[PDB]
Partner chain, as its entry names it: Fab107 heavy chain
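Okay, here we've got a single chain as structure tokens, the form deposited without its partner chain, with questions on binding and movement later.
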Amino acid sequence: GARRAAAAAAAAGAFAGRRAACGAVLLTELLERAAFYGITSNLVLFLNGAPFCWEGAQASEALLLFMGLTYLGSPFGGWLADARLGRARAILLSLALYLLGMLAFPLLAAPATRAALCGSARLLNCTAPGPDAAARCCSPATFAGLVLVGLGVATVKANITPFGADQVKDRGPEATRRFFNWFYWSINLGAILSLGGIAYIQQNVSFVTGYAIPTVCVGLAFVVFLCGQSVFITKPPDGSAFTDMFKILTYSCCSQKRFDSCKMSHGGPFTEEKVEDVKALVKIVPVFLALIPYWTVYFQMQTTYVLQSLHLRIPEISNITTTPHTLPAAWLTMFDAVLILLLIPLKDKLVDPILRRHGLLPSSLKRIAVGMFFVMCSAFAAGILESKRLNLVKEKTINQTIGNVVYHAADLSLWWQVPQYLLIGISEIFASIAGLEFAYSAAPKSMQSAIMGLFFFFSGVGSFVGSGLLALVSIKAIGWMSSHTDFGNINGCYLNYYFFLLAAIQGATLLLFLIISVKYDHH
């Protein structure tokens, strides 16, 4: 018990005379998240309403391909970070590519540069009369910008978190946990700022002045990272010998091709440290495999919550003061970020000292399990509200308006969704941060960035699996999602059964993860 009081000194003194570097890292992450969410908030709507009038399916496919590229680029970004380059140099290069890729969109928004670019001058005005039509216009420039921005965001996401984690490595794991808590807090703050301001300006002022802001944000992030590079000296990895470790991994795999790994490696050139690294990698891979369904259910629930909210009563007299012409569809997603922003400081200042006080959770796997339990509870709560609505809709309906689509909603207030998101928020403040901590703690000291990239890649694989599951349940044979051929007509479909299925999947995943976590802790 007294050792907990001893470690409380490190916990309180975690932010020693190095706070400037932590602030710079948090600010860079906040600006990067703001730019990313500004880009991803209204990409489909921007593509549809642009003079290059794409189809809705084409815009959805483009956004999905961009997201998949962002998920896929993380392991390669980590490889580039730890091999042939340093961590800070990789961050700088990725941010430069990020800015270069994102600069394309404001030029496309501006009519003069839009006409100058794409060599096509497509002004068919969508519904305006026209002699037939062509395929996706402005394809080269748009695709180049999308691939550049996706690669940049993937690389920064893979590389920034382990760098900031090792920045405070001098202290104990409690310092790393506090840093990850504030890192997630900064991420949510940036997401809130973006989803509010950038979406408001894009939907209600202009795209030309809307897409210019993310470019300024990424420029500020690059500038602050460059300025803080001089004062960082956060024990830079300076990766030049780490390149050898990756090929020693391939040699260890060839040992399989030519504790078996340890018994062959012993007298073999494979030195003990590389043996421990490969054994750790083999141990940690199943943890990611078990976490895949958690990512699936989390992403699917995040997607379905906005759809559920779209068909509830819009509160607050529909913003009577300064009437919201074409109310943006980003604040519904921002509810979760607001709840996380409220929860995180309270957790960090109260719960962590209380848990660490007597004997409670010293490991992240248990926190992930608790978060998954909260996810299952939130899924059950969401299922119930959906069921009542699908029966309370049988009565008269009220024609509301979000954006420029006349939604049909029941006479049920939106605030009834406060519990679900609340549980979700709790789950996140237990799960995600802990997972990040695990992704930093169990990884070998030479290839943390690669492990982070694999973590994000597996999260993306889970998201893709969730989208595929939604497509599967959309089949007429089941009939749960049959009228969902547009922005949303959930009135004619059963989402409560889908919520219950998500809850059951989350429960099974929780049991499997408990088993796997116990096995990992044993070894």
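What we label the rigid core is the largest C-alpha set whose atoms superpose within 1.5 Å from one form to the other. Positions refer to the first chain, counted from 1.
Q: Counting only other entries that model residues on either side of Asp132, is it left out in at least a third?
A: Yes, a third or more of the compared structures omit it.
Q: Could you find out if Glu61 - modelled in this structure - is missing from at least a third of the other PDB entries compared that contain residues on either side?
A: no, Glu61 modelled in all other entries.
Q: Counting only residues of the deposited sequence, how many between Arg258 and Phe259 have no atoms in the entry (none, 1 to 3, 4 to 9, 10 or more)?
A: The entry leaves 10 or more residues without coordinates here.
Unshown form deposited with its partner chain bound; subsequent notes refer to it.
Q: Evaluate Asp411 for contact with its partner chain in the bound PDB entry, applying a 4.5 angstroms cut-off between non-hydrogen atoms, and reply yes or no.
A: Taking the distances in the bound PDB entry, the answer for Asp411 is yes, it comes within 4.5 Å of its partner chain.
Q: So in the bound PDB entry, does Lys394 come within 4.5 Å of its partner chain, heavy atom to heavy atom?
A: Result yes; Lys394 sits at the interface with its partner chain in the bound PDB entry.
Q: So in the bound PDB entry, does any heavy atom of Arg313 sit within 4.5 Å of its partner chain?
A: Close contact exists here: in the bound PDB entry, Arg313 approaches its partner chain to within 4.5 Å, heavy atoms only.
Q: Could you confirm whether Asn491 comes within 4.5 Å of its partner chain in the bound PDB entry, counting heavy atoms only?
A: Residue-level check for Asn491: yes, a contact with its partner chain.
Q: Specify the contacting stretch among 141-149, 217-225, 93-101, 397-405, defined as having any heavy atom within 4.5 Å of its partner chain in the bound PDB entry.
A: The contacting stretch here is 397-405.
Q: With the two forms fitted on the rigid core, I'd like to know which residue in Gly196, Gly219, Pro173, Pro236 is displaced by 2 angstroms or more at its CA between this form and the one not shown.
A: The answer here is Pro236.
Q: Aligned on the rigid core, do the two forms place the Cα of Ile317 2 Å or more apart, comparing between this form and the one not shown?
A: Yes.
Q: When the two forms are laid on each other by their rigid core, does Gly488 show a Cα shift of 2 Å or more between this form and the one not shown?
A: The answer is yes; the displacement is at least 2 Å.
Q: Where do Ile320 and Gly190 end up in the bound PDB entry, Cα atoms closer or farther than shown, with a change of 3 Å or more?
A: Relative to this form, closer in the bound PDB entry.
Q: Which is it in the bound PDB entry for the CA atoms of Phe179 and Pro236, closer or farther than here, knowing they shift by 3 Å or more?
A: Result: farther.
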